[PDB]
Structures are given as structure tokens and as C-alpha cells.
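K.L.:
Have a look at the structure that comes next, please.
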Amino acid sequence: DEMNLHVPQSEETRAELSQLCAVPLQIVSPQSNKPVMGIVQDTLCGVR
Amino acid sequence: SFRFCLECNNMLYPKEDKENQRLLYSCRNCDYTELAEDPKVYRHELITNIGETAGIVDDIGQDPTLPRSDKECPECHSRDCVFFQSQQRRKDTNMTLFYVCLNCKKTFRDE
Amino acid sequence: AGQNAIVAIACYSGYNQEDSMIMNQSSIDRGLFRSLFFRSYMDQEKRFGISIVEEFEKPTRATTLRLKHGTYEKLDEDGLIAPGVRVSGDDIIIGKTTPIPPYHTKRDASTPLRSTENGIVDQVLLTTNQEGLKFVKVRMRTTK
Amino acid sequence: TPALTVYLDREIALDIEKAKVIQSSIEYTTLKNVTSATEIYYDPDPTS
Amino acid sequence: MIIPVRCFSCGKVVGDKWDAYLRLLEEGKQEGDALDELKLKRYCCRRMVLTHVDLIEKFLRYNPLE
Amino acid sequence: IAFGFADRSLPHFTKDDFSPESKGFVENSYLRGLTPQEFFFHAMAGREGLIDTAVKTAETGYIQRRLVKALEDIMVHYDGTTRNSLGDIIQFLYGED
Amino acid sequence: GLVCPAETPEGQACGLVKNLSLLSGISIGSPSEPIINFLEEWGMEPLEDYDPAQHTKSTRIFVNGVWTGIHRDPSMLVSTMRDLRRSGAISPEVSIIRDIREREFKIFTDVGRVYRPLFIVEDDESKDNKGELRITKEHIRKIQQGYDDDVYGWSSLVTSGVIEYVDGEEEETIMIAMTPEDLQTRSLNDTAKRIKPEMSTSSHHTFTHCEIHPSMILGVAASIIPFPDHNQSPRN
Amino acid sequence: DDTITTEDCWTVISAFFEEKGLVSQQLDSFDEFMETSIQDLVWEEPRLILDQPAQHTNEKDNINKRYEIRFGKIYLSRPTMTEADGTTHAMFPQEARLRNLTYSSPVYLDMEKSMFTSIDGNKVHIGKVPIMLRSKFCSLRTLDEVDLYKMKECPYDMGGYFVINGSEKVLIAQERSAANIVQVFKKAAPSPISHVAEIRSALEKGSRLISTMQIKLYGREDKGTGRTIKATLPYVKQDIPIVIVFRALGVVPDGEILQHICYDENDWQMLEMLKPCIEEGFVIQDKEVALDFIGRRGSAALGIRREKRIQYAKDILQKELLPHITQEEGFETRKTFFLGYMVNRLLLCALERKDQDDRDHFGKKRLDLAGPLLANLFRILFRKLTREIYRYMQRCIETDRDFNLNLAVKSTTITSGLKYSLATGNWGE
RNA sequence: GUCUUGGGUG
Ligand SMILES: [Zn+2]
Ligand SMILES: [Zn+2]
Ligand SMILES: [Zn+2]
């Protein structure tokens, strides 16, 4: 897999990214009012 | 079963002898008009079974793909017969079988 | 088209999850899954008329214009680099000039190396094409 | 697949015979649905 | 192509054993016994010699170009 | 597994054989290994899955594009209403709560 | 047996781009004159002598999709055509397709038909050699030798009547044994070896052909896979 | 004798691969092409003819003057290379690969120009055909492993490809439905037509498509009251009833039409489904009127009189109607019998007495390898060339001079066409 | 520096 990276070129767009799009702010989704990121693969098996 | 003309070799269509009230058959080409045997003039079917036993030949025993059963032949008590299901191909048809003996070539069934 | 590696199946350190996979650096150092790469560039001279043609030649700055931003210091006097020379990206490997139609009367049509690739020139071929004009093939080599 | 869900009246909704009678009332049958085979006979005299 | 000098997995020197291995195979010894006599005991070292395909013989058949 | 040949699934079966093995039941496990017939039937099923994955994604992407274009101009306003770009009301309170 | 069941591109070419099986072969095409001559000699009646009032049992004979006549008795005609093809008199890549429910006999000499070789099980029900392969250890001895005892290769096997070619249409009419052991019912109980299928419905099998080896259904790319029958097919 | 083991099977399989290899289909297809196909395409249309009888401002003196050339044998030589000096020598695939050349053989066609005048020529080079490596015309066929090594060729290289401008090209086999087979298809709900028997026709010589002819069953289940069957002849716009074409082919009495259709008079459902056809085509009773009825629809120019409208329709019924049956006159009975067979297959599918034909069945498909593909392309390009020869003999002959035909053939047409198709993949002009 | 064709990747 490959993913794209976009760099904001001003302070207004930096602030928008960090205060609206940041990963911690997206943990709960409005699609099914539940989390979208969970413990996965080896940490799940290992914690069990 | 409609016939054909003894003179013009076309097909005869129904007509009425109004002076005798007897169903003739009129040639649309010639003037010939013969007496008929059957006063039926039309038919229509929805529950049909044509194609039940018709799917058999003399050398159907020579087909090496037909599965062979141990059913007793009603005719000659033969312990070896090839079998197959109804050759009619409709959706609601049975799954009942037909049985062909390899000795007398008489077809039979398990009923 | 492969090699028999020694494979363990383990959740060793967590760097092999979701179809990742941990590989031995020492085995890499000893030649595991090591491969050669060969890239060949091609170029020839065209005939735009009667006496108007291109030429393989090292382009001097005075008589040429629109020279590429790469270095030309690797070409021999025939406009061709010699096998055995290390080449980096943007370096010229085939020098060519296109005459200016009616001093300083030539444009360049030089072939650089691909901007991504390093390597060492392997085999500089020289022949003539279907129409008898000069033809050059340059094969680069590298190791991945 | 068009489809209705026909809720029955409660007195019918518990009894099965009544529900089957309502089924018979609601279902569509045409003369096609109960006809086997039609002929045409020449019958010159109505009284014979 | 040509026999690797070291074993990939552990680093034992196997590049000096290909000719002895071929001579042992000539006189009838089966592959496991020949690998035993060359004192290749770890299956990594053994598969180094047992799975080698010697392509330099095929490359040498094309005439020297100088 | 349909009767792709005349009255059979494969030419190693006899005609009109409705048994589980004839019409695509795989009795073995992956550990035990599939027979050639079972291998071919499982290949047919996997091919169906691959075709579905390859072919349905275009219909799904089209559907999501159309939904996005239909609902793209709808915003919650400071008075609580849910309106489109024409200012028309879609819901008097968002989600009704 | 004709195209690899596993090798196909992902995406928009899935299932449209196919890859030949290892033993697949494409017909070159062949003249239809000897076919017509053999049919005319052995008893085929023409369509200028056709009268469906009488010919209620006759089998119609197609050659390359062209109806050329009718026969009173397809059994000996198919037997003689198959013997001629297995003797070399007819091109080995010529389809000989009898249809029994439809009362038809179709011979194809078209170019471009895909075909595959099979062993020929002796199916004539008159000799102790019935129900067994005609290929024996003498044939393998000759193949290893490289010559007959008064070049012996594949084509000599094909022309000696121990291997023949079948395209998809002829395959409809044949009964193929999966392995040479399947030709005889065994009397086992190995919790490790995979259960070879019961096959209990049919009282007596009349095999006509045997696969040379079932792994030959795969193509070039699928043949590299080790134990592909222990994998789910998308991974293959 | 002992039981054949698995190892015996692998010995047989090793024999198979020792004989045939892995690319034998490409090589054998191309060898067949170069041995027979080129000559057969040249003899497909083997003669050109110019003509002028009279009235060119002369003294009423009239002479019939035919200029004519007959194409003869094809001569196939080994691939050669021509330098800008004009020197020539043998060309090998490695040299063609290094200098971006095309690895092709010269094709010569003998031409013998004839003229006839009634009062009332060497091995012309027609183009270069690319050669499939490791085939019977490649220069790497006669060599042993030693010489192969000296020619810079890998012994593992199996051939099967072409070299165009120094680039290796492989022809992908093309899959197509078989030819000269009747297939019967179900149809869709908002369609008056329910059952369609479709056959494509082709000839044993050339293996090229000629014409297509569907036979549809109008009338849906319980809708479309007329359950007639109507043919679709090529080169006519509107669909003709079936009894019309049976009458046009020379069997007028409806009993004989049915008998060509009905093998078993006792059967009644099919005969009950055949009446609306007889009624919708009851008007005609002879061949001329039906055949005009066909002619009135032939999509030709407007207003042809009856006597030659008949000739046009008779020509359509003779050629472009089942060419695989025969394209010569006096054999209409076989076409009528095939029409009866096709109608019966239609009715069997329509009366549910047989299942509809399987489109995906691999026995009803053909694979077109290098041979037939190059045959199609070469036929196109050589008809181009012969049209050029005609266009040239129109002009040069006016000069009233002897001409040597080596300036009459522009050899670059076939060469450029083959090279363009094999280098781009676009199969056509 | 442009357009088509083909082979692919997630
Ligand atoms: Zn009459
Ligand atoms: Zn009996
Ligand atoms: Zn080691």
C-alpha cells in the first residue's frame, strides 16, 4: 500500500489540521456512534 | 392432425356444407372437397406430457454414460437396466425415472 | 527465480504485522535476494533534409544553446561516455546537437541518465540504423 | 420483488381457518388458472 | 551462478567445497552422505550446497567479446 | 454447481447424479487436501468471489458519488435548522434531536 | 483440462484473459475430403435421397457444421471412424462426436479447437483386456528406449491407439476415469490420506478414458505452486 | 505386464514435452501460414481485368481489349538485410535486435500479364513478411546448440515471437464463437421476440466470415398474439417470413414446407405452433412472387423492374445465404433442409423440449493463433495491393507502352501494414 | 513536449 502526504503552507491551514483533522479527534465516528480504531493483530492476541 | 390435398398437394382447411350441415374441408387453391372423419376442429393444451418416453433409441444401450441400475425387468426378469429421468425439460416436471432394459429393449418404470 | 530462506513464524517484535516481515541484515550482507539491474538507453541521428542532420558530439557551450543542467564532463570526444564510468542522475550519457535552420547555430538533443538512478556504464554500443545513420545504445548496470 | 404485508383483524389473526378464508378472498385467480384444455366442436343443432 | 563463499544463514565458508562435492557425487555417494562427509551439519549450510545451480557454465559458452 | 456439461457438472460424473460430490460439496479439509474435482469446484467459487469484488466496486463508487452530490450542500445553521444551498428547510432540527 | 483454472489477471481482465493448460493443444485444421469419402463409402445416404416420411430413425451427419447426409446405424460408423483415427488414417486432431438423444453424428475438422490427450481405456466388451488401459509397460519400455523392437516418441503412442485427443464437444460423450487406480473398485481406513470419493450411486462404471495425470489441468504459472490442493483458490 | 504407476505417467508426459515443448502451437500455426495460407490468399482473387470495347472517337472501328495479369507461385526466401550502401547479407535475430531492425523475409509473386484483342513479368517483390523465431523459416532452425552459442542465442529461448524494429512481439490468441453452428437463445421480457436461432457462416477454404442469418420467433408468452417465425436474410432491411423463403427456394406446396420442417407428423404441439406462419405467408403460391417480395426489401437502389429485381433477390438467396452449404446454383434443396433443421431447433427450444444453448461452452469456441490472424491481415493488405495494380494499369496502359510490372507494385504496402499491426497490436488497416 | 495502445500495483 501507498499513502499520500499533504503539507499545509500557512498557519491557518496548520491550525485547521491540528484542531479539526487530528487523529485523536477522529477516534469516535458518527457513522455508528462507536470507535473506528481498536487494539489489533498482535496486541490483541498478546493482551488476551 | 390436418391432412393435405390429394390433387394440389396443399393443405385442407375447414368449411361448412350449409346445404347439408356437415363439416367439409375446403382447398384454398383448388375446388376439391373431401369428406372428413373427425368433427373436431381445434385443440389447445397446457398440461402436456409429450416428451415423456420419446427420448429413447434402439442403441441407447450403447450409451456408456447412462447409469445402470439393478431393477428387475418386468418383461424378462433381467437384472441389468440403464435408467434416466424424464426427458421433458420444463421447470415443474417430476424427478420420476424411466428404465430401459438391455435384453428386450422394452422400457419400463418403477411404480 | 527465488531462494530458499530459513523462515520462522513468530510475533517476534511486532514489526512483521499486517503482512510486514522481518529480514536478517546479516543474510542480506552475505548476498540473500541480491540482484543486478541493467537499463539501456537508445538514441540515433535523424535527417531533417539534404545536409541538415544531428551529430553525436560533446556540445561546447559557445556553439550550443539550451544545454541541459547536467554535467557534460564524462563524454569522450565522440559524444559517448565510456564503459566503466560511474554515472549519477541528470548526467549526460549521449551528447547530441540539432542544427538551427536559417555563429551559435545548434540546439542540443542530449540524453541524460534518469534522475532517480545511479550506476556504472556497462556496454556502449555503436552501429548504424536501417537508413545508414549512426546508432548508439548505452547499457547501464547497478545492484539493488 | 413487490410485496404487501397484509395484517389481519385480530379475530381472524388468531384462527387459522378464518385466515385461510381471507387468503382465498384476497388471492387472484383467472379462468386461465382453473382451465385444462379447450376444444371447438361443430354442433349444428342446439337441441341435439 | 557460482557457489557463494559463505552460508547465508550462519556464515560458514561453503565456497571451497563445491568441487569436492561434485567429485563425491561422481564416485556414487548420495547427496546426504556427501554433505555429511564435507562436514556440513546444519541444514542451512547443507541447503547452500544442495540447492546451488551452477549457471557460470552456461554463461561461459558465449565467446569472449575482447 | 450447475450442470455445465450435458446433465453433469464435470465429465468424470455420470448423467443426472445429484449427490453432494457431483454438485460441489467438498468433503475434505484444507489440511487433508482437495481432490481434483473439489479443487475445480472451489476454483469456480473463488472465481465468482473475485468477479464480484472486481465488478461491484464501480456500481458502489457511482452510488456514493451520486449520494455525495445529492447531499453536499446541506448544513446545520445557527438557528438549528438543516437547509440546502437554496435556503430550503430539510429538517427543522437536525436528527430531530 | 483446456485452460488453467487458477491463472487469470486481476481486475477488468479477470476471466477474459485465459492461459492454456500444460497439455492443451490447438487444432491446425484438416481437409474434409477424406472424411466425406469415408462417410460415403461406409453407408451414408445423401440428402437428395431424403424422405422424412420413411427416415424416422435415421441419424443426421454433420461435417464442420454442414449437414451432409443420414445413416441407418451410427454405432458401427462411430466405431469405424474412431478406429480409423486411432490407426492414423484420420488426422488425430479431428473431433468425432456422436449425440444419442438427438440422433446426430458430428465430425469437426475445424482450426482453432482446443484439445487435450487422454489414456484410452479398452471399452470393447468382448475381451479380457476390457476395462483396463491399453497402455502397458512395453510402451513405457519403448518410450525409454527411443525405438520399437521391429524414433519411438509421443506420436507413436497416439498412432498406436493408446492415447487420443478430445476437444470440449467430444468430451461431452466420454466417461473419464480420474486416476488409473479408479478403473478398479478397491475393497484403507487411513485417517491421514484424503478420502477418495465414495462414488456409490452407479452400479457398474463403463470408463472410456483416463487422465494421464490430474495435475496437468494447471498451466505454466500454477505449476510452480507446491501443494496447490491445500490452498484456497484465490491464493493460487 | 504390470500396473501402470504414476512414474509411468510422468514418462509418457516427458515424451509429450520432449516432442512438443511449450510453444508448439505458435510455431505450427505460423508454419502452416507460410506454407499454404499466403498462396491460398493470392489465389483467392487471382486475376484482374481491364476492358474497353469501342466508341473513342474512331472510325466506327471497334475492338475488345482486355489487359490481364495472373498471379502465380509465391517464393519465400530467408531473411536478408540490405545496407544503405546496397550491400546485402544474411540477417540473424541478434543483429536485428541490436540495430532495431525487423526480422523479415522477402515475398515474391510471379505475375504473367496477358492481353486479348478481338475486333468487334518476373518474381515481383510484393513485400516482406516478418518471421516467427524458431520456426521453419527462421535462420535458427538448422543450427545445433554450438552454433546457437556462437550466434549469441540462448538455448532456452523457445521462439514463438516476432522481431519488429528490434522489439520482440508475441501474438495473443483470439477467442471467438465457432462458425457454422446453430445456437438458440432466450430473450427478454420487454421484447416481442422470444427465441432466436443464430448461425454465422464461413468457408472451409480461408476460414473467413461471410454472412450471418438469424431466425427469430415473434410473439411473447401470452402477448404478441402472432407467434410467427420470420427469417433475417443479409442485405435486406425488413425480416421475411419463413414460408416466403421456402417458396423462393423452390418448394411451393405447404405440405412440403412442413415436411422439411416436420420429421414426425404425429407430433402436434410443434405443428400447432407452425400454423400462424403458414397463414401470414399464405398469399404466395409460386417462386417468382415470393422472390420479388424478398427483392422489394433488398435495400438496393429504387425502382428496379421486376425481371431484374428477381435477379438481385435470387443472387442474395444463392450467395450470402449459407455459403458454407454451397455458393453454386442447382443445390437449393440442401439449403431448404438446413432451414428445416434450424426451424426445428428453434421450436425445440421454444416448446421447452430442449434447453437453450450454452454461450460459455468451450467446445463451441475457436482460438485464432498467428496463422489465421496473419491470414486475415495479409488478405486485407493484398487486396489493397491488387487495387493499386488495377489503379496503375488504368493510367499506364493509356500511354500504349510495354511495362515491366516492377514499377507497378508498391511493395511497401504489405510490408508497412504487417509492420504497423505487429508493432502496435491494432489488427487492421 | 503531446496523443493512443498495452502490461501492471494498492
Ligand atoms: Zn384442396
Ligand atoms: Zn427387461
Ligand atoms: Zn548455515
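K.L.:
Answer yes or no: is there a residue in the stretch B:1-10 that is within 16 Å of ligand 2 (Cβ to nearest atom) and surrounded by fewer than 16 Cβ atoms within 10 Å (Cβ to Cβ).
P.N.:
Among the residues of the stretch B:1-10, not one is within 16 Å of ligand 2 (Cβ to nearest atom) and surrounded by fewer than 16 Cβ atoms within 10 Å (Cβ to Cβ), which makes the answer no.
K.L.:
A further question on this structure: Among (1) assigned to a strand (DSSP E or B); (2) surrounded by fewer than 14 Cβ atoms within 10 Å (Cβ to Cβ), which single condition is residue B:24 missing?
P.N.:
Result: residue B:24 fails condition (2) only.
K.L.:
Something else: From the list H:175, H:198, H:168, which residue is away from chain G (no Cβ under 14 Å) and either surrounded by 19 or more Cβ atoms within 10 Å (Cβ to Cβ) or not in a loop (DSSP other than H, G, I, E, B) (or both)?
P.N.:
Going through H:175, H:198, H:168 in turn, the sole match is H:168.
K.L.:
Something else now. Just to be sure I understand, how many residues within the stretch C:111-144 are more than 14 Å from chain H (Cβ to nearest Cβ), β-branched (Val, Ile, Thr) and over 23 Å from residue C:67 (Cβ atoms)?
P.N.:
Qualifying residue count, the stretch C:111-144: 3.
K.L.:
Further question on the same structure: Exactly one of these conditions fails for residue F:9: (1) at the interface with chain G (Cβ under 9 Å from one of its Cβ atoms); (2) crowded, with 18+ Cβ neighbours inside 10 Å; (3) not acidic (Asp, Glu). Give me its number.
P.N.:
So residue F:9 meets the others, but not (1).
K.L.:
So, in the stretch H:354-363, exactly how many residues are within 11 Å of chain G (Cβ to nearest Cβ), of a type in the set (D, E, K, R) and buried (at least 16 other Cβ atoms within 10 Å of the Cβ)?
P.N.:
Number of matching residues: 1.
K.L.:
For the stretch G:163-215, how many residues are touching a strand residue (DSSP E or B) at 6+ places or on another chain (Cβ under 9 Å) and either facing another protein chain (nearest Cβ under 7 Å) or within 23 Å of residue B:62 (Cβ to Cβ) (or both)?
P.N.:
Total meeting the criteria: 28.
K.L.:
Give me the pairs, please: first residue somewhere in the stretch H:52-69 and within 24 Å of residue H:391 (Cβ to Cβ), second residue anywhere and among the aromatic types (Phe, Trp, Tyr), beta-carbon distance under 6 Å, and either six or more positions apart or on two chains.
P.N.:
Matching pairs, first to second residue: H:66/H:116.
K.L.:
In addition: Taking the conditions exactly as written (of a type outside the set (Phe, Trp, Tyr), surrounded by 13 or more Cβ atoms within 10 Å (Cβ to Cβ) and either assigned to a loop (DSSP other than H, G, I, E, B) or away from ligand 1 (no atom under 16 Å from the Cβ) (or both)), does residue B:47 satisfy them or not?
P.N.:
It is false that residue B:47 is of a type outside the set (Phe, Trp, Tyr), surrounded by 13 or more Cβ atoms within 10 Å (Cβ to Cβ) and either assigned to a loop (DSSP other than H, G, I, E, B) or away from ligand 1 (no atom under 16 Å from the Cβ) (or both).
K.L.:
Just checking, how many residues over the stretch E:38-66 are among the hydroxyl-bearing types (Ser, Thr, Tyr) and either closer than 24 Å to residue C:124 by Cα or under 12 Å from the mean Cα position of the chain (by Cα) (or both)?
P.N.:
2
K.L.:
Given the options H:294, H:278, H:244, name the one that is of a type in the set (A, V, I, L, M, F, W, C), in contact with a helix residue (DSSP H, G or I) (Cβ under 8 Å, 6 or more places away or on another chain) and farther than 28 Å from residue B:1 by Cβ.
P.N.:
None of the other options fit; the residue is H:294.
K.L.:
Here's another thing I want to ask about it. State which residue is farthest from residue H:353 (Cα to Cα) when the search covers only the stretch B:72-82 and only residues that are within 11 Å of chain G (Cβ to nearest Cβ) and crowded, with 18+ Cβ neighbours inside 10 Å.
P.N.:
B:81
K.L.:
Another one. Taking only pairs six or more apart or across chains, which ones have beta-carbon atoms under 8 Å, a first residue in the stretch F:40-62 that is under 24 Å from residue G:219 (Cα atoms), and a second residue that is acidic (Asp, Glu) and not in a helix (DSSP H, G or I)?
P.N.:
If the second residue must be acidic (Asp, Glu) and not in a helix (DSSP H, G or I), the pairs left are F:50/G:10; F:54/G:10.
Here's the yes/no breakdown for (1) in a helix (DSSP H, G or I); (2) of a type outside the set (A, V, I, L, M); (3) over 15 Å from the mean Cα position of the chain (by Cα):
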{"site": "H:349", "(1), (2), (3)": "yes, yes, yes"}
{"site": "H:354", "(1), (2), (3)": "no, yes, yes"}
{"site": "H:360", "(1), (2), (3)": "no, yes, yes"}
{"site": "H:373", "(1), (2), (3)": "yes, no, no"}
{"site": "H:383", "(1), (2), (3)": "yes, yes, no"}
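K.L.:
If I ask for residues that are farther than 20 Å from residue H:310 by Cβ and within 14 Å of another protein chain (Cβ to nearest Cβ), which ones from the stretch H:226-252 would you list?
P.N.:
H:227, the sole residue that qualifies.
K.L.:
Also, I was wondering about something else. For the subset of the stretch H:281-307 comprising residues that are in a helix (DSSP H, G or I) and over 29 Å from the mean Cα position of the chain (by Cα), which member is surrounded by the most Cβ atoms within 10 Å (Cβ to Cβ)?
P.N.:
Looking at the filtered set, the residue picked out is H:290.
K.L.:
For a quick check of your reading: which helices (runs of 4 or more DSSP H) sit entirely within chain E and have at least 3 residues that are surrounded by 13 or more Cβ atoms within 10 Å (Cβ to Cβ)?
P.N.:
So the answer is E:18-26, E:31-37, E:43-50.
K.L.:
Still on this structure, please answer the following. Assuming residue B:52 fulfils every condition listed in (1) under 23 Å from the mean Cα position of the chain (by Cα); (2) of a type in the set (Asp, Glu); (3) within 22 Å of residue D:44 (Cα to Cα) apart from one, which condition is it?
P.N.:
(3)
K.L.:
Looking only at the stretch G:1-54, count every residue that is away from chain F (no Cβ under 14 Å) and at positive phi and tell me the total.
P.N.:
Qualifying residue count, the stretch G:1-54: 2.
K.L.:
Next question, about the same structure. Restricting to the stretch H:96-126, what's the tally of residues that are within 14 Å of another protein chain (Cβ to nearest Cβ) and crowded, with 18+ Cβ neighbours inside 10 Å?
P.N.:
7
K.L.:
Oh, and also: Filter the stretch B:76-93 for residues that are touching a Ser or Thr at 6+ places or on another chain (Cβ under 6 Å) and part of a loop (DSSP other than H, G, I, E, B); which is nearest to ligand 2 (Cβ to nearest atom)?
P.N.:
Within the stretch B:76-93, the match that is nearest to ligand 2 (Cβ to nearest atom) is B:86.
K.L.:
Yes or no: the stretch G:94-111 includes at least one residue that is of a type in the set (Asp, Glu), on the phi < 0 side of the Ramachandran plot and away from every other protein chain (no Cβ under 11 Å).
P.N.:
Scanning the stretch G:94-111, I find no residue that is of a type in the set (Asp, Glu), on the phi < 0 side of the Ramachandran plot and away from every other protein chain (no Cβ under 11 Å), so the answer is no.
Rule-based calculations on the coordinates, nothing more; no lab input. Note that we place each Cβ from the backbone using ideal geometry, even for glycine, and neighbour counts take in every protein chain shown.
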